[PDB]
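# Close look at the chain arrangement
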Amino acid sequence: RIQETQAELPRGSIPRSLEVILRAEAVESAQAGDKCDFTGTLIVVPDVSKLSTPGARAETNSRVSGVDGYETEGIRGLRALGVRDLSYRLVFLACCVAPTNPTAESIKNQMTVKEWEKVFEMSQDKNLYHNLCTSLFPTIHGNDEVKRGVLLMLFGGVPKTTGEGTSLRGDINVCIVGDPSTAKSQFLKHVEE
Amino acid sequence: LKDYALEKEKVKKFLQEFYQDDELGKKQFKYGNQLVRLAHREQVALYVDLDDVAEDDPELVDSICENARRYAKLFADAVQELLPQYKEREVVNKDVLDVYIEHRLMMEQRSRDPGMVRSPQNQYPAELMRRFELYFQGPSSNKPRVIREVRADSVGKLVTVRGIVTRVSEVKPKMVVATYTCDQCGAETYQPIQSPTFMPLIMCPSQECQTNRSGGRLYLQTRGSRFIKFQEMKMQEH
Ligand SMILES: Nc1ncnc2c1ncn2[C@@H]1O[C@H](COP(=O)(O)OP(=O)(O)O)[C@@H](O)[C@H]1O
Ligand SMILES: [Mg+2]
Ligand SMILES: [Zn+2]
């Protein structure tokens, strides 16, 4: 199942939902929560309980009439002429699925030479501690402690397990309490973006 | 049991008779004026008082009370037969339904010779051409009943009730007679409705389709159909 994104919403409208079908190799990809582009076809599939009122329907061209004792009444007449209700729904078949915007060895191999050059340039800078604070939060004034804490939470720690069957946390949790208008929701919005 | 022809004649003479009551202090032909208005589209329903009938014949009133539906139908037919007599002019302004009725009567006169044999199925339904409704007013001598005490003994009778309204349904059209057109002929088929649900037809009973054995198939039409105003009411005791 896929959903229309927020940027495509018109005034006062709920996002549209659509069904996508994957066949064979393309079945693997497109996990839940992703934001992806699809390329394929738009195809019509029949439906059953759409018509509570009579609508378009099919029949046979043969000019056949009933005989006494076998008169083409309701049920028998409909079954004899092969009448089917024409109901339909729209379904999308996908042949290509891609990310809208795109195991350490695998990550290293995926990156190109220029991307790896940029990564290495970033790696050996002490100002990485400072510049990352200003880059993610350019407009918010002060509160550098909160920026450092949020960056540390983003990078996170290492999880471990012990021999007795217990487990140890590797994640970090952060709480912010403040007076009104102290840019408290701006950090949340920036991290969401 | 009594034959319906005699009572139909009695109904006709009762409708033709009364001169008595007038509001302005005179003697006025009330039912004649009502019928003249009914001739054109200046009145689309008629109410009959069962107190006025009681002057000449009470047995008619009792039979109406116990067998109300049959007498309603008889009254409708009697008034429909009386309508041509009182007619004096053609319609000044008419709507779609009148256009169908006039056209159908005109082609009936065009085609049907007086001597040719006509099948009982070949006639028009009575209520399709009719456009007036008849209703009854409860007798003043009759005492209104209570919702709790109407039971199987009262099924089919004429009753008068007093109550409080709690639920009313929005107005929606109700089917009276359905009209069908064949796929390969100019004939028209009529299906009366007297059930909460009905099954639409398929094949054409028209004579030409039968003679050719063409197997033409019917289609519904909404313009030719007859519809009535229908509402549902809920009442409770005081
Ligand atoms: N230190 C700051 N630097 C820049 N803008 C700020 C700062 N403090 C407050 N603001 C502005 O004031 C508003 C604060 O509202 P908000 O952060 O939603 O308050 P709260 O999160 O406490 O409900 C924001 O729109 C922000 O633009
Ligand atoms: Mg806030
Ligand atoms: Zn036909």
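### A few points about the overall build of chain A
- Broken down by element type, chain A carries six helices and seven strands.
- N-terminal to C-terminal, the α/β element order of chain A is β-β-β-β-α-β-α-α-α-α-β-β-α.
- Taken over C-alpha atoms, the radius of gyration comes to 30 Å for chain A, far larger than the 16 Å a tight globule of 193 residues would show.
- Each of the three principal axes of chain A carries a C-alpha extent, and together these read 95 × 45 × 45 Å.
- Taking all 193 residues of chain A together, 9% fall into the buried category.

### Details of the interface of chain B and chain A
- Contacts between chain B and chain A engage nine residues on the former and 12 residues on the latter.
- At the boundary of chain B with chain A, total buried surface from both sides reaches about 870 Å², with 50% on carbon and sulfur atoms.
- In terms of surface lost to chain A, no three residues of chain B exceed B:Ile202, B:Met203 and B:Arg217, which account for 60% of the buried area on that side.
- Along the contact surface separating chain B from chain A lie two salt bridges.
- As a salt-bridge pair, A:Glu59 and B:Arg217 come within 2.7 Å of each other at their nearest N and O atoms.
- Along the contact surface separating chain B from chain A lie five residue pairs in polar contact.

### Some details on the pattern of salt bridges
- Here the structure, examined in full by the defined rule, presents 20 salt bridges over all chains.
- With its nearest N and O atoms 2.9 Å apart, the salt bridge here joins B:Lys2 to B:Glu59. Note that B:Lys2 is positioned in the segment before α1 (4-17) and B:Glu59 in helix α3 (residues 58-66), a separation of 57 residues in sequence.
- With relative accessibility at 53%, the residue B:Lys2 sits in the exposed group.
- Across the salt bridge formed by B:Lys12 and B:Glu81, the nearest N and O atoms sit 2.7 Å from each other. Taken together, the residues span a long stretch of sequence, with B:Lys12 in helix α1 and B:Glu81 in helix α4 (residues 68-86) at a distance of 69 residues.
- For B:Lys12, a relative accessible area of 16% translates into the label buried.
- Shared partners join several salt bridges into a network, and the residues in it are A:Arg1, A:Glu19 and A:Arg89.

### Looking at the sheet that holds strand β6 (residues 219-230) of chain B
Residues and elements named next belong to chain B.
- Ordered by their spatial adjacency, three strands build an open sheet running β5-β4-β6, and the pairing between neighbours is antiparallel. Edge positions in the sheet fall to β5 (188-192) and β6, since each of these pairs with one other strand and no more. On average, each strand axis in the sheet is inclined to that of its neighbour by 30°, with strand direction left out of account.
- Note that strand β4 (residues 172-181) and β6 share eight bridges and pair antiparallel. In the strand pairing of β6, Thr181 is matched with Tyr219.
- Together, β4, β5 and β6 form the strand contacts of helix α5 (residues 96-111), whose direction differs from that of β6 by roughly 125°.

What counts as what
- Residues numbered from 1 in each chain as written, not as in the entry; some residues may be left out.
- Chains lettered and ligands numbered in written order.
- Part of a larger assembly, values for the part shown.
- Heavy atoms only, no water.
- Helix = DSSP H or I, 4+ residues; strand = E, 2+ residues; numbered from the N terminus.
- Rg over C-alpha atoms; globule rule 2.2 N^0.38 Å.
- Buried < 20%, exposed > 50% of the residue type's maximum accessible area, 1.4 Å probe, protein only.
- Contact = heavy atoms within 4.5 Å.
- Buried area = accessible area lost by both parts, 1.4 Å probe.
- Salt bridge = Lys/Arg side-chain N within 4 Å of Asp/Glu carboxyl O.
- Polar contact = N/O pair within 3.5 Å; in protein donor to acceptor, adjacent residues only side chain to side chain.
- Pairing = 2+ DSSP bridges.
- Axes fitted to C-alpha atoms, helices over the stretch in contact; angles between N-to-C directions.

Nothing here speaks to function; it is geometry throughout.
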